[PDB]
């Protein structure tokens, strides 16, 4: 009996669903066919409208306290909640309903974890992270915009294997993926340590792969697996391809000034 997953979508750009299906180990195909039962998911599901809604009740009844609720995106509180409408009602109402009988809740990505782009100032919809509306259920934050594919499927794999949520840090993120800052293991670190920096795009330093700190890299304050696990089966990550980390796994990263403004007090990151 494969564990049912009800995958809800709030205000979102769907980057988290898209990342999920990039997973190479394990393949998304194998997750859906062999590991979970993906019973409700707007992106992929055959049923629509009334037939789709009916699935929620059926699973919540048969598998009470034994399904995982995955949330992509987040609920808005402004516009009476109707800046995200599902089945003619506010998304927040669907979220609260399905959450109540979940065994565990996964907050996919920075949207569900922190608010992400729609929650950036002045947050016209009052988009709100899941843990600020659902306060009485086991939640795990898997932040990033989106998270790395293998991090997403890694979390699912752990939860299925062990029937437990993995060890979390104080911010509710899995330590197995979010214990390191990008800057800890970044391959450009030897340049940082030697004060070798890119100062303008495509300068000689950039062509030599010098550190991107002075171009605004937020690696030194950002927890994620990008510098080691890397992206799309270990092909690259933002810094390897020449752009500074913009801090996309961290709470409120859209409102920490320009992405191209360097962190102050460089000495504190040495």
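Positions refer to the first chain, counted from 1.
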| query | finding |
| --- | --- |
| Residue stretch of maximal mean CA temperature factor, 211 to 219 vs 30 to 38 | 30 to 38 |
| Average Cα temperature factor in the PDB entry - higher stretch of 20 to 28, 243 to 251 | 20 to 28 |
| Highest-ranked of 90, 190, 73, 146 once sorted by CA temperature factor in the record | 190 |
| Options 111, 133, 152, 198 - largest CA temperature factor per the record | 133 |
| Chain-relative CA temperature factor third for residue 182 | middle |
| Ranked C-alpha temperature factor of residue 115 among modelled chain residues, by third | lowest |
| Third of the chain, ranked by Cα B-factor, where residue 226 sits | lowest |
| Residue 78 CA temperature factor, ranked by third within the chain | middle |
| Entry-reported Cα temperature factor of residue 84, expressed as the chain third it lands in | lowest |
